[PDB]
Amino acid sequence: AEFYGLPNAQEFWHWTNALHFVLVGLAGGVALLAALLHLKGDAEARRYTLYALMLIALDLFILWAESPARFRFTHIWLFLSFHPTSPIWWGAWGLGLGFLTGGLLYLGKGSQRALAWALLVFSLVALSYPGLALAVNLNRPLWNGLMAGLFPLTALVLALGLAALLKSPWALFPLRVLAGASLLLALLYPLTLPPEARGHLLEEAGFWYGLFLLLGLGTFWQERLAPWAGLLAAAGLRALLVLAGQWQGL
Amino acid sequence: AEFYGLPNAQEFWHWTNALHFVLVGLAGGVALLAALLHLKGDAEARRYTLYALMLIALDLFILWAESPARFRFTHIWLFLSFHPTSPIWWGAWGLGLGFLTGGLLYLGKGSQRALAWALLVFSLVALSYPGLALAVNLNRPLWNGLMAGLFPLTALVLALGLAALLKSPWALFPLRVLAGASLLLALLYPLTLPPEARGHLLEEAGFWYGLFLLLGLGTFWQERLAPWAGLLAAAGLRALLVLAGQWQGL
Amino acid sequence: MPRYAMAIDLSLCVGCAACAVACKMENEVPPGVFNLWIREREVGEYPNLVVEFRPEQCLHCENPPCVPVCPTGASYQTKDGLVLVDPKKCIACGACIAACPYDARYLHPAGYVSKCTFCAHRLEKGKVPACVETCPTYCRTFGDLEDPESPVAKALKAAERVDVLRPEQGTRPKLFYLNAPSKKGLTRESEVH
Amino acid sequence: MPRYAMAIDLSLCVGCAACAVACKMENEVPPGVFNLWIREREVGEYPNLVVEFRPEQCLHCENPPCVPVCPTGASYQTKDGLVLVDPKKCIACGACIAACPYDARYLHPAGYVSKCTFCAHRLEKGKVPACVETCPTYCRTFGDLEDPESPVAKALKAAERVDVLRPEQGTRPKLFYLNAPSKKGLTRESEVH
Amino acid sequence: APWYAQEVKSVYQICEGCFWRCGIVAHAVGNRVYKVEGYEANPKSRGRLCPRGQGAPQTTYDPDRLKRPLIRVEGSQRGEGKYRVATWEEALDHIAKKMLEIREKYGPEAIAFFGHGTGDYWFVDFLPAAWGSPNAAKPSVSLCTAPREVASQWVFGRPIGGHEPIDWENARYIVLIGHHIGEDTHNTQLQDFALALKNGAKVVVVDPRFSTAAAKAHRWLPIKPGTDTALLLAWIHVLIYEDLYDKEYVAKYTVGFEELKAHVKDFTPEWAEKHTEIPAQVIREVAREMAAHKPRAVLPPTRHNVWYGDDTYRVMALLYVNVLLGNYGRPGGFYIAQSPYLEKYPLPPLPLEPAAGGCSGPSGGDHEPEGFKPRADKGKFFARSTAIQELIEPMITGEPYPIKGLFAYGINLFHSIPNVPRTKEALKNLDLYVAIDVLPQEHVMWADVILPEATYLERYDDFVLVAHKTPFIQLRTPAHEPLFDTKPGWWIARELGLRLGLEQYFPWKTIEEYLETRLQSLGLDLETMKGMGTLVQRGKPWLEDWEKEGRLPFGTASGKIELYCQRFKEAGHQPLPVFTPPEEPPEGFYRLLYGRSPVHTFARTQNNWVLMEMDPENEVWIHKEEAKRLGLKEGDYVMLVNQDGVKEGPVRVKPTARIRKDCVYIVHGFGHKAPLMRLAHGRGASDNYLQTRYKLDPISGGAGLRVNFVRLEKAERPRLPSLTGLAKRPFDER
Ligand SMILES: Nc1nc2c(c(=O)[nH]1)N[C@H]1C(S)=C(S)[C@@H](COP(=O)(O)OP(=O)(O)OC[C@H]3O[C@@H](n4cnc5c(=O)[nH]c(N)nc54)[C@H](O)[C@@H]3O)O[C@H]1N2
Ligand SMILES: Nc1nc2c(c(=O)[nH]1)N[C@H]1C(S)=C(S)[C@@H](COP(=O)(O)OP(=O)(O)OC[C@H]3O[C@@H](n4cnc5c(=O)[nH]c(N)nc54)[C@H](O)[C@@H]3O)O[C@H]1N2
Ligand code: SF4
Ligand code: SF4
Ligand code: SF4
Ligand code: SF4
Ligand code: SF4
Ligand code: SF4
Ligand code: SF4
Ligand code: SF4
Ligand code: SF4
Ligand SMILES: [Mo]
């Protein structure tokens, strides 16, 4: 209760690393739309493959921009070591091989639709890694097993929300299905925590939490409200869980 | 290591109950289908309601026929008290009231959209209670937070898989989206566990687990294998987590 | 008004299941189940060899996870700190078994769930529990935690160390272990092999 | 080939912060961050007042959660049991800070993660750490766990009791608190509120 | 539904759980004892009870418990299990008719009487002497206590007794030699040992195994087996040569102390460390520490002492160390135990009377010209006690005359006497073999005539007298009437006694008639005795109380420290030099050590469902590093094979270290081959079936058992019935 000096219990991932969490949701979700649109033969497979390349690149810039190690150029090691136990390592390659693969597909060369199978795999790795980068830390009570489920569900709500605003006929229905799955697990999450962890969550966020749950109920009303209301709900929850879970707590 | 007498650490939920677990998934998810159908004003809303009633009856009958207190007639207390903190209490009221609500819908008595929204809310209570009946036991390392995510998504793969065998046209696309979600979260599940618990799941099960993960991949292949494969993966996964997770273990 | 508890001195316990047999007899606990058992574990090599003898049974937790999870209201906590079951409401659903972190409860063959009762039948008529009375070594003590004179209160006051099983669940057990033999504390299966 | 460890006898720690200041001077640790800090907590009520003075720092865990989590490989565990950071490969991502259960890690203002180092720079020239050297009360000891002539080894043997922070976690902390002042062991914030 | 809410009837009753005979209260509801409890005034229980005492009542409510007399079908072999139901009248006639025939062509000494338990007074002490046979014996003499009783009679003039006389409450330093307290679960001594620890009593344990009592010790000396007399001689040497002994005490109460100092000259802590394997510094430190605490330092003598052939020497040496410390009769470790006063029932003297020997000719003087035929083991060892294991040979060869006919009153022929094959040959050759018991064990079903006894809760027994600090008398009253066709032992004895001309002995027409006569003597009657279950009398415990009266206790007027002028003379040696290096295990083998389970009594509790459910099998203890070289792990099973090829049923392996690499250990009493005791049949390994050989103590009739070696052979897990299934069979009094 009293200290000489202080434990290093200060926030470590700030509002900027909560912004990247939202964009890699989009980047991975759209890369999934693109490969599936390929595999299916669809006329739109190209439009969506060059978007995913921009979203992926925007994120990889924000990832270096926000790193205090940027002008020391140490990121080359992310690609020169084998580290399978590391969620973040798996996301460096998943977004890197996912880029090259999406390049060799947009420049119609190298190879066709055997390459859409590789884009499908790399997009699943990019959709899976954040969720596990949090849940892997068993010392953080709030970041439980549900993070590995709440993040991939929520990244597809972001990709289908974007797709529906660029008026693609197919996007609305699956966005309202994954948005229902997303919102129901988000409601059950608090009931899954021990009493002290839940109490911490309701005093720190919540309103904010219960706001984004209510806001998300807007995907099931009108259009041009729908993709917006589901998009703000998915990014709310994603940013708030990264911000409120950096607690170690007894 | 050695005992005089023994601790009561034996299996409390049998193959009998794991069956109840696969069934309440079907029951709840078909009651969601009947609700959403009455809500679009679609013609099939009538017979889906008969089925959700049948599966609700079949599930209450085996919950009672498997109870050690089946002839002591004490289940009446489930209905004469208020226990909001208990998943099994929530489950008894959701199914029960969901069976009256769906009873009046079938008999065109006591209103009709205001009864379809009710069936919607009671079918969300019944889809939600199983994963929480597991997940609230924070002493059992395998029943972590993801159980609140794995159980709702898997009850949907069961209902939609059934709807597609009965040849309903709308369901073979939602069945593939929801089966992709369930199999992705099921694959990341073991990676969400402390080392010793993952090692315990792998020794006691897995090979069954890994077989259920492959199986479910046939939901994206040949048209009429797709519902069988999706049904067996979702039911195998539910029963395996119920039998293998009854461990306190240090 | 009292807050009921039990204290066992492990420095005196020799693991002769006397208490375990006395409870079996006094409470008519059927053959395949037990309210009380003894665990025995050795720790270490030649020149530092310790043996821990440990009786285990309902700890009558102050914050019992075995109560809120019950659908009917059969599972309940008393005003003095006793955790009990009203068999008249019990549906034998096993929710309380899933929730107890100590393997303290079982399905009795009469169709309802059972477990250590702190000998509520003897407590009500002013007697001490069966385990406490039959005990050659005098290592168990019982009483009101709030009375400075009671045998448990005294036992805790005179102890060199005090421990409780799985303290990190947050159940607040009311069965206290005194003077554990090993320097590192109560023995766990995880600190083996 | 040895197993490096630190032991702190809490029956002698008075929480003066000498070790903490000796560390800051030696490793020129920058303002606002600490390799070592002291925690002081009272367990209360008059006839029975207890104060725990507890120095905290990297425990150089034997099964460190901060190593596996690193994408670069800058977080490595040595052949004798020191957890260190090679700043040449560090991308300052914080994954290790997220996985450390003890708040022992910080972002250095020069753009890489830092923490106590078991005074690696002194261990190679055959010297004892700076905090161990300055200690007025003779309460901290160091050495190879496997060599029985070691000052850690002899102290572990002489201790009345041995404890570690968050044992329930996977880690196997290699910083041992010896004679804890409260009978219930090391003080926790949940045991207050 | 609960028993305590239902109507109850209590009674003051003795526990027949084992021979400690604790005073208990039994709570019955109708024809069934639901609970039993200790009681405060009683000096043995004082309110507490061990596990065996608590579970003891279920044998009375066991569906396999023996109910009717039975006679062996004519023409069927003993062993084969063919019987036909009989009447008490018919079975009792058949026995007397047969007994009388053996007596007309051989004499009455051709009938051996073996027995154990409370009613052994009738079968082993009374009936045999009234009939005229000196061949009466119990296993608690040559298979237990003989070595120490003989050592004690020679050194002091007194026994050690059934309730060993240790002043535990004032003891300050205690040394246990093989004495396992906490596994051996005798009530009062568990209580006392626990109270000593509690008051700051530091305990040293000497044992090749890290036992329960060692788990409570300040020092554990892991001694090489069969080597204790070398450690005792070297401690005797340190107290005499470093001049630490109690000088006065030896000067006023000790004869021949000089012979001892010279004998022990070369037995030094360095000579001891060589055979013992305990470092010389440790041997020295332990003797100094015990000298620093006198007279409040004690080496209490253990109960089971047959270990090796030399045994009386080891105990004599342990007793010298106690004498040298000045503790006998002083508060610290030995109080002086006097027997209570309860006058015998008036009768004519018995044809044969006993000789509680110790000095001046207690061997065969009355056996040579004195009337007609001496106990059949008369020339085999020095001491005068009857040895159960030596009178078995006379039944096979007819050597010392012939013993046709044998009685077994509650004594396990196949588990308590070594060399089971030899005992089976001997039953083959008999003209008559009767067994009185309750359960259908493996040795009861080899009998011509089986008689079902009534159990301790359905029976009255002659009083139980206990020598003690405060001598006392106990009385057991039925809690309810016998079940089925069951009869008490006092009744069975009298009924046989009237049939063989012994009416002057057995005159009284009933046991309460008998009990009223002894209560007249003391100043009470039957109803008042039932009122205060136990009776405490005045006696004495120190030396002052004796001394001020102008007397001392003993044998001959001063404890003789070397200890016995008449053995010296005609036997050979006086002192305990027989440290006699022990024969060692052959390579590939281990010494077979054995002992008690806190929850099971000897062999008789293996069919008890309340107790088998706490401990369903035994487990073999091997050092962690040996089970590893062999290819054995935690849940494996194994067969134990002895140096003579005998195999003992599959046993679980226990690879946890608390034992030397020289040895292996198993609890005694498992391995039953008795199909009719449905839950004890086929479980664990029997130590007795592996104890094929034994080294005869030439001084105290004892059969040294720890002389057998065993090796382990990988076996399959056993397939057995479910214990819960069997335990659930309902009890029907028909
Ligand atoms: N191999 C080996 N032999 C030993 C020992 C050992 O450790 N190993 N220990 C030795 C020692 S120390 C002792 S003291 C002796 C004890 O030896 P025993 O007393 O012979 O041992 P138990 O195995 O209990 O056998 C008791 C027998 O009496 C029967 N019985 C029990 N209660 C009653 C009753 O009320 N009435 C009647 N009629 N019968 C009853 C039981 O069914 C059983 O047949 O054995 C000695 N023998
Ligand atoms: N639960 C229970 N308790 C009982 C009984 C029962 O049947 N059940 N029976 C009672 C009776 S009648 C008796 S006689 C006793 C028997 O019990 P004890 O009288 O205590 O027998 P001991 O043979 O002295 O002790 C057994 C110990 O002796 C050890 N030992 C073996 N060889 C040697 C050696 O060479 N040197 C040394 N120092 N130790 C050695 C073994 O390792 C074991 O740890 O217990 C009595 N109490
Ligand atoms: S009765 Fe006493 S010695 Fe026996 S198990 Fe219980 S606490 Fe331990
Ligand atoms: S088994 Fe009985 S006591 Fe336990 S939760 Fe169910 S109804 Fe309640
Ligand atoms: S020990 Fe078991 S029965 Fe008692 S409060 Fe805790 S969980 Fe409930
Ligand atoms: S207190 Fe009651 S329930 Fe607990 S062990 Fe004793 S008799 Fe059994
Ligand atoms: S030198 Fe000792 S007393 Fe001072 S802060 Fe360091 S550990 Fe605490
Ligand atoms: S901050 Fe540096 S040491 Fe820590 S995980 Fe990232 S790269 Fe590894
Ligand atoms: S205390 Fe934390 S930072 Fe230090 S080695 Fe252990 S897990 Fe890593
Ligand atoms: S070992 Fe070195 S770096 Fe660690 S706290 Fe001590 S002085 Fe600081
Ligand atoms: S010591 Fe135990 S088993 Fe023996 S008579 Fe006494 S209570 Fe019964
Ligand atoms: Mo004995």
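When a ligand or atom number is given, it counts from 1 through the structure's own listing order. In what follows, every chain begins at residue 1, and chains take the letters A, B, ... in the order their sequences are listed.
Using a 4.0 Å cut-off between a side-chain N of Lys or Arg and a carboxylate O of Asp or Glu, C:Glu62 and C:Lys174 do not qualify as a salt bridge. At a threshold of 4.0 Å, the pair E:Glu183-E:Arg596 does not count as salt-bridged, since none of the basic side-chain nitrogens sits closer than that to a carboxylate oxygen. Between E:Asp120 and E:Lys138 a salt bridge is recorded (basic side-chain N to carboxylate O distance below 4.0 Å). With respect to C:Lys127 and C:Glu133, no salt bridge is recorded, no charged nitrogen being found less than 4.0 Å from a carboxylate O. Between D:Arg188 and D:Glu168, at least one side-chain nitrogen of the basic residue sits less than 4.0 Å from a carboxylate oxygen of the acidic one, meeting the salt-bridge criterion.
Residue, atom and distance of the protein heavy atom nearest to atom 4 (Fe) of ligand 6 are C:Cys116 SG, 2.3 Å. For atom 7 (S) of ligand 9, the nearest protein heavy atom (residue, atom name, distance) is D:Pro65 CD, 3.1 Å. Among protein heavy atoms, atom 3 (S) of ligand 9 sits closest to D:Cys100 SG, 3.1 Å. Nearest protein neighbour of atom 8 (Fe) of ligand 6, counting heavy atoms only, is C:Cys23 SG, 2.3 Å. Among all non-hydrogen protein atoms, the one lying nearest atom 6 (Fe) of ligand 6 is C:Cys131 SG, 2.3 Å. Of the protein's non-hydrogen atoms, D:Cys58 SG, 3.3 Å is the one closest to atom 5 (S) of ligand 9.
Remark: the backbone N or O of D:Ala95 is not paired with any side-chain donor or acceptor of A:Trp13 at under 3.5 angstrom.
The contact set between ligand 6 and C:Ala130, taken as ligand atoms under 4.0 Å from a residue heavy atom, comprises 7 (S). Those atoms of ligand 6 with a heavy atom of C:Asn35 less than 4.0 angstrom away are 3 (S). Of all the atoms in ligand 6, the ones that sit under 4.0 Å from a non-hydrogen atom of C:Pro129 are 1 (S). For ligand 9, the atoms lying closer than 4.0 Å to a non-hydrogen atom of D:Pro101 are 2 (Fe), 7 (S). Interface atoms of ligand 6 facing C:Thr117, defined by a heavy-atom separation under 4.0 Å, are 3 (S). Near D:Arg105, meaning under 4.0 Å from any of its heavy atoms, are these atoms of ligand 9: 3 (S). The D:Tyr102 neighbourhood of ligand 9 comprises atoms 1 (S), 2 (Fe), with distances under 4.0 Å to a heavy atom of that residue.
Side-chain N/O atoms of C:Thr134 and E:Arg48 include no donor and acceptor closer than 3.5 Å. Inspection of the A:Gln10 and D:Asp103 side chains reveals no N or O donor paired with an N or O acceptor under 3.5 Å.
The closest approach between any non-hydrogen atom of D:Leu59 and ligand 9 is below 4.0 Å.
C:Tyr76 meets the side-chain contact (heavy atoms from CB on, under 4.5 Å) test with C:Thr78, C:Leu84, C:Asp86; sequence neighbours excluded.
Under 4.0 Å from ligand 6, the heavy atoms of C:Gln57 that appear belong solely to its side chain. Counting heavy atoms closer than 4.0 Å to ligand 6, residue C:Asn27 contributes side-chain atoms (C-beta onward) but none from N, CA, C or O. Residue-level proximity to ligand 6 for C:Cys119 is carried by backbone and side chain together, each with a heavy atom below 4.0 angstrom.
Ring to ring, E:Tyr34 and E:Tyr4 are not that close: their centroids are 6.0 angstrom or more apart. A:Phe12 and D:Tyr106 have their aromatic ring centers separated by at least 6.0 angstrom.
In summary, an N, O or S atom of D:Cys66 is located under 2.8 Å from atom 8 (Fe) of ligand 9.
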